[PDB]
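Shown next, in C-alpha cells, is the structure this report addresses.
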Amino acid sequence: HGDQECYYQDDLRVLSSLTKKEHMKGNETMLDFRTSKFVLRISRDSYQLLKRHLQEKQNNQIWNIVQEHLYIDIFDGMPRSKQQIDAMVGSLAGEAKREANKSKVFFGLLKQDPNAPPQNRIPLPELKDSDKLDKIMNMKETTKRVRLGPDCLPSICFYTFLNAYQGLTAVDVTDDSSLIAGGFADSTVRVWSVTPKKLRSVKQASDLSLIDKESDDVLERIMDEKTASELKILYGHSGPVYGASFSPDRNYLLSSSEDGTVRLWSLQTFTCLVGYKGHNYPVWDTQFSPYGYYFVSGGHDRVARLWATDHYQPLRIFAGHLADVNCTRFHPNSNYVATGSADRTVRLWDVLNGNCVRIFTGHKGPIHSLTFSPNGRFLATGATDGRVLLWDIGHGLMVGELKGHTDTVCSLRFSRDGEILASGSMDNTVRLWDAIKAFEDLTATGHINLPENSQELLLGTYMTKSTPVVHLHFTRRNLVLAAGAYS
Amino acid sequence: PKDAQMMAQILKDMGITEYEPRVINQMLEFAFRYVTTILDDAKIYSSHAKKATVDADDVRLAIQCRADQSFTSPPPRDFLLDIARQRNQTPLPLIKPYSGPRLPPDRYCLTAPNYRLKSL
Amino acid sequence: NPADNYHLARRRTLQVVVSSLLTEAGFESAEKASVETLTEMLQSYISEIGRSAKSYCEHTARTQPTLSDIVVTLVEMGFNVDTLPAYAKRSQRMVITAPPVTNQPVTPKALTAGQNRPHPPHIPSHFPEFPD
Amino acid sequence: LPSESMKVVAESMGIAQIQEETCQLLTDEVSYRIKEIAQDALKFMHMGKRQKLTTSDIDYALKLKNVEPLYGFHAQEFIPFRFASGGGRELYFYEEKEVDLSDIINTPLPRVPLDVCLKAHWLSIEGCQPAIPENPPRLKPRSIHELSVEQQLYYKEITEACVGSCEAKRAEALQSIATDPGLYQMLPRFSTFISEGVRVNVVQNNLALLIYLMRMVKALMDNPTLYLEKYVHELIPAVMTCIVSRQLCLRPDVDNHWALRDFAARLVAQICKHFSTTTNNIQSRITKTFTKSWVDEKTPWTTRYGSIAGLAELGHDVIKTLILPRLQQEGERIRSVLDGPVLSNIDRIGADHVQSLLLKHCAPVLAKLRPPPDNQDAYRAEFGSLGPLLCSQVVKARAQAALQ
Amino acid sequence: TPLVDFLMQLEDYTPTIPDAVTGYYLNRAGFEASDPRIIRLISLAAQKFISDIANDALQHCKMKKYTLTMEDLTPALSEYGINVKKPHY
Amino acid sequence: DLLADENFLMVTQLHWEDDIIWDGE
C-alpha cells in the first residue's frame with residue numbers, strides 16, 4: 001500500500017479497515033468493485049510489452065488475475081506525456097474506452113442545427129401564453145446585456161447569508177434574478193425576494209370562488225396581500241436540505257434532503273405539493289429541466305432518477321455509477337442528463353433509453369459542480385482537487401484544465417453569452433475564466449495534447465471575506481450573483 | 001486519555017484534520033456500546049453451548065450474528081442492474097396537453113382538506 | 001459567541017426543565033452526569049414526537065398534525081395518554097422561563113450615509129447602490 | 001484499538017479468562033466499525049460544506065448504518081427511543097461530577113441568536129473589488145500627490161465635518177474615521193491636522209475645537225486597520241496638553257466640560273498607555289511627567305486638577321501606591337483655598353473638583369484592600385477628608401458587588 | 001371524550017417546559033406551532049415520561065433518597081426495556 | 001533586539017512631554 005499514488009490515500013484507508021469477509025459483505029462499494037472490471041486504458045505500444053511478460057507460463061497467475069478482473073481498452077496514439085496522463089486519470093474503472101465516447105449525441109439547442117434533436121424526440125411540455133409572456137420580458141433584459149469578454153469584466157454582487165447558524169446547504173436563484181432559495185441544515189427551505197416585491201401567496205378557495213375568471217388581470221386579483229413577506233420559510237423535510245431548484249416559470253421550488261425524499265413546493269400557495277420517495281438514502285442534488293416538466297435527482301444509492309412531476313415513480317433510472325451521484329445537471333435541450341459522482345467520473349445519460357452516452361474521467365476528487373455551455377457543446381466540471389475540466393460533448397476528449405482554485409470547486413456557471421465561466425470554491429474566491437479562448441481550437445487518438453492555458457485564461461480571482469461561494473448565477477444582463485453563508 | 005488518544009489517530013489516519021471535540025467522545029460511546037453488546041451476546045451463546053469460559057468462537061459467533069442485523073449496506077450492483085433493465089424497458093408515456101397541475105393520483109399526494117380542532 | 005448560543009439557548013433551557021422536574025416531589029443536588037443524561041432523553045423525546053407525528057399525518061396526505069395524529073404517536077411510544085390530564089393539574093406544576101434574545105438593542109446603529117455613482121443598464125434598480 | 005483495553009472491559013463485565021486470540025478478535029471488529037462510521041460521517045461533512053466533522057455527523061452516520069445514535073444507553077425495545085439522537089452531553093474531563101440541583105435552575109439562560117437574513121453586497125464592480133466592510137482587505141517630471149482627488153476631497157469633507165458645525169455630520173465623520181479601511185496613507189495628514197490644531201487652539205482656549213479633536217483622536221484609535229504607533233509621538237503631547245493646560249476662556253461656565261476635556265483626555269491617555277507598550281518608553285514617561293506635575297509647588301490649579309485626573313485613571317495598582325503618601329499635601333492645599341477669601345478666582349473650583357476626585361478614587365482603594373470595619377472615625381487617621389461619606393461610597397461599591 | 005375536554009382547558013396552564021423550548025424541538029422535526037395548546041400536551045406527555053422514571057428510580061433508591069445515581073436509573077429503566085450505559089471513560 | 005524598528009520611532013526617543021503647552025503666554 002505504500003507504493004501507490006498519492007491521490008489514492010483516502011481509498012486505501014477504507015481497505016485497511018476491511019480485513020474480514022463479513023466486513024466486506026456489507027460495504028456494497030467494494031462488493032461492486034470486486035464484481036466489475038477495471039477498464040485500464042493502455043496503448044498498443046505498451047500492451048505489447050505487457051503481453052510479452054504475461055503470455056509466458058513463467059508468471060501464469062498474475063496474467064490469470066489480469067484477464068479475470070481487469071478489462072484492457074487499447075487505443076492507437078502517440079504516447080502521452082506524464083503531465084498529460086496525469087490530467088486524464090484518477091477514477092476507479094478509470095480512463096474509459098473510446099467505444100463509449102463515440103455514440104451520436106444531439107448536443108445542439110432546440111428552436112437549422114444538424115446537432116439538434118427534434119422537438120418530438122423527448123415529449124417536452126407546451127409553451128403557454130404566460131410562458132410566452134415570460135420570454136417577451138426576457139428579451140428586454142437581453143437588450144441591456146453586456147458583452148463580457150476579457151476586457152469588460154462583470155460586476156459580482158455577493159448575496160451573503162449573514163447569521164446562518166443553521167448551516168446553509170443549498171442555494172438556487174431563478175432565471176430572472178427575482179427569488180433566492182436557501183436550503184439549510186435545520187431542515188428548512190427559505191425563499192427570499194430580492195426585487196422590491198414581497199412574496200405573496202394566492203388567495204384561499206373561498207376568496208377565489210367569489211371573484212371571476214376571464215377578466216384581464218386574474219394573475220393579480222388572486223394574490224393575497226394579507227400574506228406578504230420578504231421571506232417565506234418552508235417546513236417538511238426531516239433532514240438537511242441538500243438540493244434546491246427553481247422551475248423556469250418561477251413556481252415549483254424543488255428540494256431534496258437527507259431523509260431520502262424530493263419535495264415539490266408551490267410558490268403560489270407556499271405549501272408542499274408532492275414528496276417523491278424513491279431513494280431510501282440522502283438525495284445529494286436535484287434540478288428541474290430547463291423546460292420545467294422533468295427533473296433529475298441523484299442520491300447516495302448510486303443512481304440518478306428521472307421524474308416528471310406527474311408520477312409517484314420515476315421514468316428513467318441512471319444506474320451506472322459506482323459511488324454517490326453528487327451532481328445531476330440537465331442539458332440545455334433537456335435530452336441529456338450529466339451526473340457527476342464520487343467515483344471521479346462524469347457521465348452523460350440520454351433521456352431516451354437511459355443509456356450512458358459519454359464517460360468523462362480525469363478528476364481526482366468527487367465532482368461537486370457541473371455546468372453546461374449555453375451552446376450545448378461544452379461541459380465544465382469541478383471537484384475537490386480544485387480543477388475545472390472543460391469537456392467537449394460531440395468529441396468527449398478533455399485536456400483543457402483550469403487549475404487556479406485550491407479547495408473544492410462547489411459552483412460553476414458560464415455567462416449568458418458564453419464569454420466567461422465563473423468558478424466559486426471553498427477558497428473563498430470567485431475566479432473568472434475566459435470561456436472563448438478556452439474553446440477556440442475546438443480525432444483518432446482520444447486526446448488533443450494538454451497545454452497549460454490556466455494562467456492565460458484567468459481574468460480575476462476576487463477573494464471573499466471568510467465566505468465559501470456556494471452558488472454562482474448570471475443575470476440576463478450579464479451580472480454575476482453569488483451567495484455564500486458567511487462563516 | 002488512553003482510549004481517547006487512539007481515537008484521534010483513527011480519524012487522522014482517515015485524513016480527518018478538523019473535527020469537533022464531541023466527536024471523539026461519542027465514537028468512544030459507540031465503541032463501548034458495540035463491545036458490550038457483542039460480549040453480552042457472547043455469554044448468551046456460551047451458555048447455549050454450556051461452557052464456563054467465553055472463548056474465541058463465541059465472539060466469532062456474536063460478531064457475525066450482530067453484523068447480520070445491525071450494519072447493512074445499499075443494494076448490490078447485480079440487483080440494481082436487474083431492476084434498472086426491468087424499469088428502463090417500459091417506454092415513456094405521452095403527456096395530456098391541458099391536464100392542469102401535473103400530479104400523481106390524490107392518494108399519493110399530500111393535498112387533503114387537512115382539518116384541525118375547533119377552539120372552544 | 002452567538003454561534004453556539006443557537007443550540008445552548010434551548011438545551012440549557014431543557015436543563016432548567018429537568019432541574020425543575022427533579023425537584024418536584026424529589027431531589028436536590030443531583031449528580032452532574034445524571035442531569036445531562038436526563039436532558040438528553042428529553043430532547044430526544046421532543047424530537048421523536050416531532051418526526052413521528054409528522055410521519056403519521058403525512059401518511060394521511062396532510063401537512064400539519066391534529067390531535068388524532070399525536071394520540072396515535074404517543075401510543076406507539078407507550079405513553080398511556082389518559083394519565084396526562086391528571087399530570088397537568090398539579091399544584092407542584094412550575095413554568096421555566098424562555099431564553100433571552102441576543103439582539104436586545106434591535107436598532108442601535110446610526111449608520112454611515114454615503115451615496116455616489118448610478119447603475120449601468122445590465123444592473124436593475126433593486127440591486128444595492130454603487131458605493132462612494 | 002489496543003487489545004489490553006478490551007480485556008479490561010471484558011473482566012469488568014463478568015467475562016473472565018479470555019484468550020488473546022479471543023481478545024484480538026474483538027479489537028479488529030470494533031476498529032472496523034469505527035473506521036466504517038468515520039468514513040461514513042465524512043460524507044455528511046462534505047455535503048454539509050463545513051469541513052469540520054461535527055458531533056452531529058456521527059449521529060447521522062450511525063442512523064445510516066441502522067444503529068441507534070443513542071450513546072451511553074441502549075434500549076433493547078427501541079419503542080421509547082428510536083434513531084433520533086440525544087446530542088450526547090457537554091463534556092470536559094475536568095468536570096466536577098456532582099452539582100447542586102438549584103444551581104442549574106438559578107443560572108440565566110443563554111441568548112437565542114438572530115435568525116438568518118439575506119443581505120447583498122458587491123464583490124466586484126466591473127472587475128475591481130471595493131473596499132467595503134463586507135470585503136476582507138533636463139527637468140525632473142512634475143510629481144503628483146500621493147492622495148487621489150476623491151481621497152483629498154474625502155479628507156477635506158471629514159475634517160470640515162469633524163470641527164463640529166453640525167452634530168450628525170460629526171457623528172458620521174467620526175464613525176467614518178472609526179471604520180474606513182483605506183484610511184492609512186492619509187494618516188500623516190490627519191495626525192498633523194490634530195497636532196497642529198491643538199497647539200494653535202490652546203493659544204485661545206477654544207473648548208469645542210478641543211473636544212472635537214479629542215473625539216477625532218478617539219475615533220482614530222479604535223480603527224483596527226491602521227497602524228498608529230508611527231504617529232503616536234504627535235498624538236500623545238496633544239492629549240497631554242489638553243489635560244495639563246490652563247484655560248484661556250472663562251473657566252467657570254465650561255469647567256464642567258473642562259473636567260470632561262480632562263475626562264476624555266485621561267481616557268485616551270490611559271488607552272494609549274494600554275496599547276503601543278514596549279519597555280520603559282511610553283507609560284513610565286507620562287507617569288513621570290504626571291508625578292512631577294503633582295509634586296511641583298504652587299501649581300496652576302487647572303493644571304493641578306488635570307494632573308490629578310491623569311494620575312487617577314491609570315488603573316488598579318497605580319493609584320493606591322501614588323496616593324498613599326500624599327495623604328496630607330492634598331488636605332493642606334484644600335485648607336489654603338478655604339482660608340483665603342479670594343472667591344472670584346478659579347482656585348476654589350479647582351480645589352473642590354480635585355478633592356472630590358481624590359476622595360472617590362480612595363474609596364475603591366480602601367474597599368479593595370481591607371475589610372469594611374470601623375468606617376466611622378478610623379479615617380480620621382488619614383486627616384478625616386472623606387470619612388463616613390467615603391465609608392458610604394465603599395458601602396455603595398459593596399452593594400454593586402453583591403448585585404454582580 | 002375526556003382528552004378532548006382536557007385539551008380545551010389548556011389556554012391557561014403554562015406547563016413546566018416552556019413552549020419556546022418544546023416548540024423548538026418540534027420545529028426541528030417538522031411539527032409547526034399551529035395551536036399552542038397542542039404544544040402544551042406534548043410538553044405534558046414528555047414531562048410525565050420523565051416524571052414516571054424519576055418516581056420509579058426513587059423506589060430503587062429507598063431500598064439502598066437524597067441522591068439520584070446511575071445505579072438507580074439502571075433498574076428503573078430495566079422494566080422499561082431500556083439498558084442505560086455508564087460512561088466508563 | 002535594540003535594532004528593532006520600534007526603538008527608533010520618535011515616540012520612544014523624544015521628550016515630547018516638553019511640547020504639552022503648560023499655561024501658554
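Naming works like this for the C-alpha cells: A, B, ... for the chains as they're shown, residue 1 at the start of each chain, ligands 1 onward in shown order.
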Check: Any idea which chain E residues end up within 12 Å of chain B if we count only C-alpha atoms, as number ranges by chain please?
Finding: E: 4-11, 34-38, 83-89
Check: Quick one: which residues from chain C are at most 6 Å off chain B, using only C-alpha atoms, as a PyMOL selection string?
Finding: chain C and resi 61-62+66
Can you pull out the residues contacting residue 17 (chain F)? Cut-off 8 Å, using only C-alpha atoms, and skip same-chain residues under 4 positions away; I want them as a PDB file with C-alpha atoms, in the first residue's frame.
```
ATOM      1  CA  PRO D 237       1.754  65.569  23.530  1.00  0.00           C
ATOM      2  CA  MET D 240      -1.044  65.816  27.406  1.00  0.00           C
ATOM      3  CA  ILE D 286       3.843  60.007  31.069  1.00  0.00           C
ATOM      4  CA  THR D 289       5.574  63.832  33.876  1.00  0.00           C
TER       5      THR D 289
END
```
Within 6 Å of chain B, which residues of chain A show up? Give each one with its shortest atom-to-atom distance in Å (one decimal) and the two atoms involved, counting only C-alpha atoms, rows by chain then rising residue number, as CSV.
```
residue,atom,partner,partner_atom,distance
A:26,CA,B:73,CA,5.0
A:27,CA,B:73,CA,5.7
A:28,CA,B:73,CA,5.8
A:32,CA,B:77,CA,5.7
A:273,CA,B:110,CA,5.9
A:274,CA,B:109,CA,5.3
A:309,CA,B:103,CA,5.9
A:310,CA,B:103,CA,4.2
A:311,CA,B:104,CA,5.0
A:312,CA,B:104,CA,5.7
```
